Each structure stands twice: as C-alpha cells, then as structure tokens.
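Asks: part one of the complex, left exactly where it sits:
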Amino acid sequence: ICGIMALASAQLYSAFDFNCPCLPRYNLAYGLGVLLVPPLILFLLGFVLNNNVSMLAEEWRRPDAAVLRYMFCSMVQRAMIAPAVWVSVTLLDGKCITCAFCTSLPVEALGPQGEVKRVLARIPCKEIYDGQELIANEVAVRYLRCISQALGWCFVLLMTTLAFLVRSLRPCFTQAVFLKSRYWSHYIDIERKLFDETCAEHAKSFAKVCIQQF
Amino acid sequence: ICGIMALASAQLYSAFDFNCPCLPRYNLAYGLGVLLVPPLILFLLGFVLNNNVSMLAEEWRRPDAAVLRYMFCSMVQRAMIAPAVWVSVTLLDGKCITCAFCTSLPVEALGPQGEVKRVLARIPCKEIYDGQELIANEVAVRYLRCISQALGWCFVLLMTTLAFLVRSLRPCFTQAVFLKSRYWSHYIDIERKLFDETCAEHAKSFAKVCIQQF
Amino acid sequence: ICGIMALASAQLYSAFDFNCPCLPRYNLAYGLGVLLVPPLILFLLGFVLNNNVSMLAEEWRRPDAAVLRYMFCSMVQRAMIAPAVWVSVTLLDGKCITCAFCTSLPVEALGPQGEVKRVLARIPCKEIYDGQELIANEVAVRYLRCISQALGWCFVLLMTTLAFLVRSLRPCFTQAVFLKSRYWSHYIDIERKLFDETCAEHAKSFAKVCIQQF
Amino acid sequence: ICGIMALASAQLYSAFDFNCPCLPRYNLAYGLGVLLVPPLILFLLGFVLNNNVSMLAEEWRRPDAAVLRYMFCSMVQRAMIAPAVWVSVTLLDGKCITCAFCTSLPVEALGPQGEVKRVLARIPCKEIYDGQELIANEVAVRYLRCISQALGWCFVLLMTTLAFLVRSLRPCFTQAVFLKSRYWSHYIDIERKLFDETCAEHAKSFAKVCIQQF
C-alpha cells in the first residue's frame, strides 16, 4: 500500500500550485510551512489507513510485553516513507528554499536596510523584482536552487543510509518477538474472517426461517 | 464506493467554471457559497447512495437500543469524507478566498471609501482592475492566495488529526455493539437475496404452469 | 442503465453548439427553449427505453390494485434523473440564462427605450455589441453568469434534498406492495425466457422433421 | 446492430465536407439534398443489412395471414431510427438550413432585386460576401442557425413522442401474432443451423471415403 502512497504523494505535489507571498517576513513561515506540514499530514495518514492501529491502541489503553513494542516500531517505520519522499521531491524542485531563505543571501560579496530586505524578499518567483540592484534575477535564483538541490541530495542520502542501517541491524529483530508478531497478525485476520463466516451462516438460517411465511 | 466519490468530487471541481461578480457586496455571498453549498450537497448525497439509510429511518420512525446509534455514527463518518476533500481542494486552489475576502485586505499598510470598496472588490480575477492605485494587481492576488493555501493546509491537518483520533479511540467501538451491527448488516442482505431466490423459483413454477397451454 | 443515460446527456450537452439570436424578443424563447425542451425529450426517452411500460399501459387500458401505482411511481423516479442532470449542467455553464435574461438586467444602478432593448439584447455572446454605453461587456456577462450559477447550485441542492427525502420516507414503501412488485417483475422475465426456451425446442424438433427429406 | 448504425451515421456526418455553391438557385436544391437523400440511403440500408427481408419478400411474392404484416411493421420501425438521427444532427449543426433558406430571409425589417438575390445567396459560409449591405454577416448566420436549431429540437421531440406512443399502444401488439412471429424467427434460424450441421456431417463421411485412396 505504501507504494501507491508514495506515488500519490508525488503526484499531489505535482498538483500543488506553489506561489510566494513576496513579503519581508511571511516568507520564512511559508516555505517552511509547505516543507513541514504536509509531511506531518502524510505521517498521520500513515496511521489512519493502517488496521493494526486499533488493536495497538486498545492494548496500550489498559495499564504481550515487548511484541507490542515491535509492532509499534515496525508500523512507524512502515509509515515514515511518505514524508521522506515528499521532502525529497520538494527539495529537489527547489521552490521551497527559494521561497524561504531569499531574504538572507549575502548580496555584498557572493553575487536603507529595510528596503533591502523588501527587495530581496521580492526576489523569488516574481516579475515584480526591482531588477539590477544589488543582485541580478537569474543569479539569485540559481544560487538558491543549487543550495536547495544540494540539501535535497544530502537528505536523500541520509534517509537511505538510515534505511540501510535499520534493515540489517539490532532494532528488535530477535526471532522470538518476530514470530509472536506474525502469529498475532495472522490470528487477528483469521478470527475476523471466521466470525464473519459463522455469522453469515447463522443469519442465513434465521432468514430462511423468517421468509417462508409468505 | 467513497473512493469513486472523492475522485468524482475532485474531477467535478475540475469542471466548474469559477468566476467572480466584481461587485461591492455580492462577493462575500459567492465565495462562501461555492465554498459551503457543494459540501452540503455532497454530504446529503452520501446518505442518498447508501442503502442502510432506509432501515435506519424505518426503525427510528416507531417510538436494538444502541446498535442503531452505532450504525448512524458510522454512516455519518463514512459520508463525511467527500465535503472534506471538496473544501480541501477548493481552498488549495485559492480562487474562493480570493473571491470572498477581497474587499477587506488592508491596503493602508501591508501591500472616497465607497469607491475604494468598489475597486478593491474589482481586484480579483479581472483585467478590468483600476490598476496602480492603493495596490498592484499581482500583489493582492498573491497575498490572498497565500492566506487561502495556509487555511487549506491547516484545515487538512485538522481533518486528518480528527480522523486519526476517531479510528483509535472510544466513540462506540465496544465489541458487543460492533458484532451486533455486523450481524444485522449480514442478515439484511442475506434475507433480500434468499427472498429473491425463492420468489424466482415459485415464479418459474407458476410460469411453466401458465405457458404450456399453447 | 440510468448511469449511461446521465453520461450521454452530459456528453451530448458537450456537443450542442449554443448560439444566441441577438434579437430583442426571440431571446426569452430560446434560452428557455434550450433549458426546457431537451429535459422533456430525455424524460420521455426514460419511458421509451424501459420495458415495464408496455405491461403497465396494457393493465391500465382495461377499466393488482395498488402495485401498479407503486410500479408507476417508481418508474417515474427512475426516469427523472436525466433532466435533472441536464438542467444542472446547463445552468452551471451559464450560457442559457445569459441568453435569456439579457434584455432585462438593470443598467441604471447596478452595473430611446427600444434602442436600449436592442443593444442590451445584443449583449451576450457577441463581438457586435455596441460597447461602452450603459454597460461594459465583461460586466454584464459576469453578473448574469453569477446569477445563473447561483440558480444552478440552488436547484441541485433542491433536487438532492428531494432525492434524500424520498429514499427514506412514506411514498409507497410498505413491504407488501414492494414484495408483490418484485415478484411480478421476476415472473414476467421468467415467463418470457421459458417461453423462448420451449418455443426453440419445439421448433428444433419440427425443423429436424422437415430437413431430412434431402 | 442499430446502435452501431446510429454511431456510424453520426461519425459519417462528422466526415462529410459540407460546402455551399453560392449561387442564386442551386441552394434550395443542395441543402434539401444533403438533408433528405442520405436519410433515404440509410433507410434502404436498414433493409439491406437485415436478414428477414428475404423471407418476407419470398412470402409476399406468391399471391400466415397477419404475422407477415407484423414482421413488416416491426422491421420498418427497427430501420427507421438511422435517418432520424441523421436529420437530427444535421439540423442541430445548422449548416443545412443556412445553406437552403439563405435567399429568403427578410432583409427589410428583421435584420436590383436580382442582385439582391445574388448577394443574399452568397451570404452563407463564405468570405466572398459583399458585406455591410442590407445585412451584416454574423447576424444572418445567427438568425438562420437559431431557426435551424429550433426546427431540430422540435423534430427530435416529435420523433421521440412518436416512439413513446408506439411502444405502449395498439399497433399490432396482440400476443398471438407476437408469439407466432417469435416462433417463426426462432424456427428459421434453427433450420439453417441444423441443415448446416447435417450437411457438414454427410460431407465429412463422403470426404473420408474419397481421401483414403492415397
């Protein structure tokens, strides 16, 4: 299911009309917003769509021992891969960082202080930019997009090395707990299915009793 | 079925020709209209297309005990997910809030009083805007669209956290009522099917009796 | 079958080349025409394509008791959903009302009397409009299209609340008549099928008798 | 089969390159031509592609009683639905009436007499129109297309109400003739099939006799 989740997240980002309020202060709270909030939403949706969550909540409510811990630490990892993809693609595109850290790039060396902040804030994604002064247009876009793509590649490498270090090592892979978990997960589904079966059967008998009065 | 409902709602919004009556007063009653009425229509259609509704209405007409309450509080949740999607996408696009709260943005600081209201009302989605005075064009569009997308993300987060808090907690999940509900829902369908079967059989016998006179 | 009917009605409206005779009087009789006549045609086609209609007509010709009434009041509802969709989409597009009530909008306040009627009649869907005088062009289009879409949303809400109030309440849902109707509808089809079967068999025997003379 | 016939007729009209000989007299004999002749061709093709036609012709050649009449009055109705669709779409498009009744619209009030006829004949579908004199261009097109679409809607309503009045009423629906017709139609096909079967069998025997000399 997580595959359709990743594809849906990428396609949804392909359908989000990004645009920056070219204002001196609200930028830092919009780029980071688009960068962080949809990850949180997808990370919670990773818990909504799962089925074991009800059982785990019910068992954690009443005050086995560690198999619950493994189930939880496995569901978290299973759900964590959607926000990673979202952050990855939205850093590789670059519009987010261009929107966020536009009012801070060093104009003095690399490429009214309040008015300076105003213009540099107007820098990204606009044809309302003052223009030549203190920066060109395409230069401040290319610099920020390079920084963004570098952060994106570094982050993807970090997430991938964590994923590689988790699927080989110690974090709750002792075979006993694994077997107990698989047994529990099979038993719950078998119980639901067989209850549905016997319920349907008893209901069929009752309905045959009731119908034939006419 | 709710999946095809969500896809149909999104595609229908993709086929609704939005446009704003650039008038001083009717805006507040058009943006909010497009924002609120189609949600109500979809929320009622969530009850039309369902089948249990007839049984629930019939049982509630005559003056078990709580299983009806669970069936109702489950059907409501099942139907609630179409208006959420509609409001989400129509806030993320931004045309609705741009249409509604255009005659109120502070022109004095951020970016004839009656004439002022008239022009600021003409602001959105038009090439009939007065232009330079008291605001640019793209600035008042970007500001309002940023506000709209922020509200949209906040709302999606709110609906998702409610959905996550409901599918794990107390609101009528005691196993007894759940089992009674599943039993009832299986019995109704089995009754309808078996009645159809025996009716077809008796009819076949009667028809074989009637036909062979020729 | 009604689903393909709704899709066909919408697609047919997508293939009807609308255009307004920019004349002082014929408008009111063209917008309303396109709005009302195709609904009537689709509502009658809802009776043509149905099969029970022959039986109902035959039984109503000779001067059970109420099961006919239920069959009729059910077929009417089954057929009513095509004109609703047609009126809905042709009000949401807006060209119909723009064509109809163009010669009446108040030019004095909101946005030769005979010549005035002539021009305001020429208003919609034309590049032959006089222009600046007494109205702009895009303003009288936007105002009328807003009115049209408001009427459309109100109408869709009205039809949907009627549909929701019918599929839960009193109008001939007493189980006895429902069962009698289902029995009748199964018996008619079973009779036709079995008559076809026995007829084919007797014909096969006769044909085997006739053929083998050569 | 009639469904593919209707779709083929509509698609063929979508592939007929209409154009008007802008001449004073030949118009009336070209619009009406395109309007009437292809209906006749399709109405005859409705008899070619049918199979019962041979039997009916053979039985009518020699000088039961009324079952032939029902078969004929049913085949006619079955074939009549292609020209209806053709006339419907070619009136809704409007080019036919624009081509035909262009040399007659009243130029004096609504919107050398011989030269007048010549120009008004040149009116439709041309950029060789004289222009301003006695009419505009788009006005005489819109007026005629409105008239055409009105005739088209009226005609579709007429054909549909006839179709609804036929499939419920008296015209040869007495069950005896209907049963005789169905019996005859099953017997003919069964005879052909079984003759083919026995012929193939006898031929197989003969061929096995002949082949094995080598």
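Replies: Perfect, thanks for sending it. Numbering: from 1, shown residues only, chains lettered A, B, ... in the order given.
Asks: next up, the contacts around the residue in chain A that chain C sits nearest to.
Replies: Going by CB to the nearest CB, chain C is nearest to residue A:214 of chain A, at 7.0 Å. In short, each C-beta sits where N, CA and C put it, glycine included. Residue A:214 makes contact with residue C:179 under the criterion CB atoms under 8 Å, 6 or more residues apart in numbering or on different chains.
Asks: helix or strand: which one has it?
Replies: If you go by DSSP states H and E, residue A:214 is not part of any helix or strand.
Asks: ok, the most centrally placed residue in chain A - contacts?
Replies: Central residue of chain A (CA atoms, centre = their mean): residue A:83, 1.9 Å from the mean position. Residues near residue A:83 by CB under 8 Å, 6+ apart: A:38, A:39, A:40, A:42, A:43.
Asks: one more pass at 6 Å, please.
Replies: The neighbours of residue A:83, taking CB atoms under 6 Å, 6 or more residues apart in numbering or on different chains as the test, are A:39, A:42, A:43.
Asks: skipping its backbone neighbours, what lies nearest it in space?
Replies: Distances taken as CB to CB, 6 or more residues apart in numbering or on different chains place residue A:39 nearest to residue A:83, at 3.5 Å, with adjacent residues excluded.
Asks: what helices and strands are in contact with the host helix or strand of the one you found?
Replies: Here residue A:39 sits within helix A:28-48, counting by DSSP H and E. Under the contact definition 3 or more CB pairs under 6 Å, 6 or more residues apart in numbering or on different chains; DSSP states H and E, helix A:28-48 sits against helix A:81-93, helix A:95-100, helix B:138-166.
Asks: deepest-packed of these, please.
Replies: helix A:95-100 (a mean of 23; mean count of other CB atoms under 10 Å in any protein chain shown).
Asks: how far away is the residue in chain A that chain D sits nearest to from residue D:189?
Replies: Closest residue of chain A to chain D, CB to the nearest CB: residue A:214 (29.5 Å). Computed as CB to CB, to the nearest Å, the residue A:214 to residue D:189 distance reads 41 Å.
Asks: and if you look at residue A:60?
Replies: Distance, residue A:60 to residue D:189, using CB to CB: 71 Å.
Asks: got the residues of chain A near chain B?
Replies: A:19, A:21, A:37, A:41, A:44-45, A:47-48, A:53, A:57, A:199-200, A:203-204, A:207, A:211 (CB under 6 Å from any CB of the partner chain).
Asks: here's chain E, drop it on:
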Amino acid sequence: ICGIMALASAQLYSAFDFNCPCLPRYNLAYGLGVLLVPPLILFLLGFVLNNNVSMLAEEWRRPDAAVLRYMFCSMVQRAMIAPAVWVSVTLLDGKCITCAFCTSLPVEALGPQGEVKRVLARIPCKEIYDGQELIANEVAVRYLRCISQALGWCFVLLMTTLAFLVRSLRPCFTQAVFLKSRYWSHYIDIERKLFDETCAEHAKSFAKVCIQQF
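Replies: Placing chain E onto the earlier chains gives this:
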C-alpha cells in the same frame, strides 16, 4: 473479410497524396485515372484473396450445371463492394472531379481560346492561378465540388438501391442451387482439413520409425 477490405480502401485513400498536373489536356486523363483504375485493382484483388476461385477456374477449364453459375454470381457480388466504397469516398471528397472537369465549366454565364483553356486548366488546387480573370478562385472550386458531391450522393443511392433489389429478388436464389452450393463449400473445406489430419498422422508414424536409429 470484406469489412477489413472496405476499411483498408478508405484508409488507403486517406494516404494517397492527390495533386493535379495543371496542364491543358492531361487533366481529363488524370482525374478519371484516379477515379477508375484503383477500382479495377480492388475489384481484381477481390478475386485474388478469395479461395473458391481456384476451384471455379479448374471446373470451368474442362469443356454441376448451374451451381457453378451461382457461385460465380455470388463471388462477383461479394467482391464488388470495395470499388463502390472507393468511388463513393473519392467523389464525396471532390478533388477528382475538380481535377477532371475543370477545363470545361462555363465561364461566360454561370460564374485567346487556347490561353483560356490554359488558365481554366490551371484553376484547381493551385496558388499559381491567374486570378480574377473570367472566374474567381473559390467560386470555381465550390461549383465543381458541389457538382462532385451531387454525383457522389446520386451514385451511392444507385449502388444502395441495386444492393437492396438484389438481396430480395430472383437472381439465382432457388433453394436447390443454394443448398448444393453450401454443401459443396462445406465439403471442400472438410476434405482439405481431414487430408491434412491423416497426412500428419502417417507422417508422425514414419518419423517415429526414422528417428529412433540414434
């Protein structure tokens, strides 16, 4: 098979790059060429692709009685429907007649004699036309295309009425010859199939004898 033949003929005409040698005399021998030769080619290909042709030729070589005549008069009709479609579409498009009878239309009344012939020959499908003199450009195109489409409709009606008059009437439909023909056509195929079967079997035996020496 004739259906794929008709579709292939139409699509091939959709892929034939028509162009007229704007010369005084060769026109009459190019329009008629494109009009007549491909019909002959398709009419012969209707005999190539058929299988009965070999048998009929073989039986006609040596100097039953009339069943051969029916087989021939049926194969001819079966093959005749490709050139009809070709001529139909290539008259409805109109380029053929425009190319052929361009050097003959009456320039004097309706719309150096040698030079006149030269120009009128240059009339069709060219931007090298002299222009205003003695004719316009679009007028002589529209007139000829109208004539062509009229001939096309008349021809399609003629072919269709012949097809309708043949599939109901006298031309060799006496049941005896029909049955003999069907018997012959089944016997030939059964003979070929069964010979192939027994040949394969004897060959399998021989090959099993030969192979197992190794």
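Asks: same question on the contacts of residue A:83, but with chain E included?
Replies: Residue A:83 sits next to A:39, A:42, A:43 when contact means CB under 6 Å, 6+ apart.
Asks: longest helix of chain A?
Replies: helix A:175-211 (DSSP state H).
Asks: just want the angle from that one to helix B:175-211.
Replies: Relative orientation of helix A:175-211 versus helix B:175-211 (axes from the mean of the first three to the mean of the last three CA atoms, to 10 degrees): 40 degrees.
Asks: looking at the contacts of residue A:83, which has the most residues close by?
Replies: Of all the contacts of residue A:83, the highest neighbour tally under other CB atoms under 10 Å in any protein chain shown goes to residue A:42, namely 24 neighbours.
Asks: I'd guessed it sits against residue A:82; true?
Replies: Yes: counting by CB atoms under 6 Å, residue A:82 is a contact partner of residue A:42 at 4.2 Å.
Asks: hmm, back to that, pull out the buried residues from the longest helix of chain A.
Replies: Neighbour-count burial for helix A:175-211, counted by 16 or more other CB atoms under 10 Å in any protein chain shown, picks out A:177, A:180, A:181, A:199, A:203, A:204, A:207, A:211.
Asks: how much space is there between the last one and residue C:173?
Replies: Taking CB to CB as the criterion, residue A:211 is separated from residue C:173 by 19 Å.
Asks: next: the second one.
Replies: Using CB to CB, one gets 53 Å for the distance from residue A:180 to residue C:173.
Asks: check the first one too.
Replies: Counting by CB to CB, the separation of residue A:177 from residue C:173 is 56 Å.
Asks: now do the third one
Replies: Counting by CB to CB, the gap from residue A:181 to residue C:173 is 50 Å.
Asks: coming back round to it: will you turn the buried residues of helix A:175-211 into JSON lines that also has distance to chain C?
Replies: Formatted as JSON lines, the buried residues of helix A:175-211 follow (distance: CB to the nearest CB, whole Å):
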{"residue": "A:177", "distance to chain C": "51"}
{"residue": "A:180", "distance to chain C": "48"}
{"residue": "A:181", "distance to chain C": "45"}
{"residue": "A:199", "distance to chain C": "24"}
{"residue": "A:203", "distance to chain C": "19"}
{"residue": "A:204", "distance to chain C": "19"}
{"residue": "A:207", "distance to chain C": "14"}
{"residue": "A:211", "distance to chain C": "10"}
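Asks: between those, which sits nearest chain E?
Replies: Nearest to chain E among the buried residues of helix A:175-211: residue A:204, at 51.4 Å, using CB to the nearest CB.
Asks: drop chain F onto that structure:
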Amino acid sequence: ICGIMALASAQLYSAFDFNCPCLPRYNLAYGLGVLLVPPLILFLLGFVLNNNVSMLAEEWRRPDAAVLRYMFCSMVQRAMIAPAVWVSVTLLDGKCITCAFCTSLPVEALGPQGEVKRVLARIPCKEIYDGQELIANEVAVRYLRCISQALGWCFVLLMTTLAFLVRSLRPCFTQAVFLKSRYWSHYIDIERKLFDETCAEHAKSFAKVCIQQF
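Replies: Let me put chain F in with the others:
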C-alpha cells in the same frame, strides 16, 4: 509472416530520410538506387527468414523430381510481395522519380546547355533553385509527380493482374505435386518436434542419474 513484412516495409519507408544530391549526373544513380536496391534486399530477406530454404538447398546440392520445383516456385512467389509493396509506395509518393528524371523534362515546349542541365538538376526538393528561368518551381514538381503516380498505378495494376492470373491457372498446381509438398512439409516439422521430445526425455533420464550423487 508476410503481412508483418509488408507493414514493416511500409513503415521503414516512412522512416527513410529522402534527399537528393542536386548534382548534374548523380541523380540518375540515386533515384534508381533508392528505387531498386531496397527491393533486392527485401527479396533476399524473404529467403533468409524462411525455413524450407535449408532443405531445398541441401537437396539441390547433391547431383523427389518435381516437388522441389514446386516448393521453389512457391517460395519465390511467397517472398515476392515485399518488393512489390515497396516499389508501389515509393512510386506513389513520387520523390524517387522527381529525383531521377529531373534533368530530362522538356523545358522547351511543355512547361549554355551545361548550365541548363545544372539548373534542371537542381530543380527537385530544394530551395536553392534558380527560379523563374525556363521553368517555375511547383510546375516541374507537379508534372514529375503526376508522371510518377501514373507509373505507380500502372505498376500496381500490373502486379495485381499477375497475382490474379497466377492463383487460378496452370503453373504447377497439379494435385499430386501439391499433396506431396504438403506431406513433406508436415513430415519435416513432425520429425523435428518428435526428435526434440525423445531427446529431452533421454536427457532427463541421464540427468536424474547424474544429479543424485549429492
């Protein structure tokens, strides 16, 4: 297989970037090249892809009687239909003859001698043509393309009448040789298949013997 061969040849011609070396002498050796060499390549590929060729070569190497002759005269005909299609389409397009016989058309009557040859050689497929002198541009293109398409139609008619005259007449159709050929062609395939079968079986036994030492 020959169908996919014809389609592949046509599509390959649709992917051959034709262009003419506008030189006085090399033309005659380029048009004819593109016209003749790919036919030879396809005619040899008709022998490569066939399977009987090995058997026929092997039997012809050693110095029955006439069945080999029939197999050969049948394989040749089977392979001959690809170059026919290639020549047909590459004559109907016309670029080949336009490229070849461009330096020969009579400029004097119909439409430095060395310089004349040079220009007329430059005529086709170029915007480097001298222009007005002794010929226009589109005239010498249309004349040559008409000649090419006439040759193409004549050639297609010739090949089709040969194909029709071969599939009905004398060239080695005596039933004895035909039967011997079919028998031989079945026996070869049956031998190969059954040898493969018995070989696989003996190998399976041997492998089961060898494997189970471990």
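Asks: repeat for the contacts of residue A:83, accounting for chain F.
Replies: With CB under 6 Å, 6+ apart, residue A:83 has these contacts: A:39, A:42, A:43.
Asks: who's in contact with the first one?
Replies: With contact taken as CB under 6 Å, 6+ apart, residue A:39 is in contact with A:83, A:86, A:87.
Asks: over to the second one?
Replies: Residues counted as contacts of residue A:42 (CB under 6 Å, 6+ apart) are A:9, A:82, A:83.
Asks: please redo it, this time with the cut-off set to 8 Å
Replies: Residue A:42 is in contact with A:5, A:9, A:82, A:83, A:86, counting by CB under 8 Å, 6+ apart.
Asks: rewinding a little: residue F:162: which of the contacts of residue A:83 is nearest?
Replies: residue A:42 (70.6 Å; CB to CB).
Asks: what does chain A have sitting close to chain C?
Replies: For chain A, the contact set with chain C under CB under 8 Å from any CB of the partner chain comprises residue A:214.
Asks: got phi/psi on residue A:108?
Replies: For residue A:108, the backbone dihedrals (degrees, to the nearest 10) come out as phi -70, psi -50.
Asks: distance-wise, check the residue nearest to residue A:99 when sequence neighbours are not counted relative to chain F.
Replies: Residue nearest to residue A:99 in three dimensions, not counting chain neighbours: residue A:31, with 4.0 Å by CB to CB, 6+ apart. Counting by CB to the nearest CB, to the nearest Å, the gap from residue A:31 to chain F is 49 Å.
Asks: and if you look at residue A:166?
Replies: Computed with CB to the nearest CB, the distance linking residue A:166 and chain F is 38 Å.
Asks: again with residue A:167
Replies: 34 Å.
Asks: just residue A:126 next, same as before
Replies: For residue A:126 relative to chain F (CB to the nearest CB), the value is 45 Å.
Asks: still on that earlier bit, how about the contacts of residue A:83 in TSV, adding distance to residue F:146?
Replies: Formatted as TSV, the contacts of residue A:83 follow (distance: CB to CB, whole Å):
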residue	distance to residue F:146
A:39	69
A:42	67
A:43	72
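Asks: nearest to residue E:103 among these?
Replies: For these, the nearest to residue E:103 is residue A:42 (75.1 Å; CB to CB).
Asks: quick one: name the residues of chain A near chain E.
Replies: Taking CB under 8 Å from any CB as the criterion, chain E has no neighbours within chain A.
Asks: any idea how far residue A:66 is from whatever residue of chain A ends up closest to chain F?
Replies: Going by CB to the nearest CB, chain F is nearest to residue A:175 of chain A, at 29.5 Å. According to CB to CB, residue A:175 and residue A:66 sit 13 Å apart.
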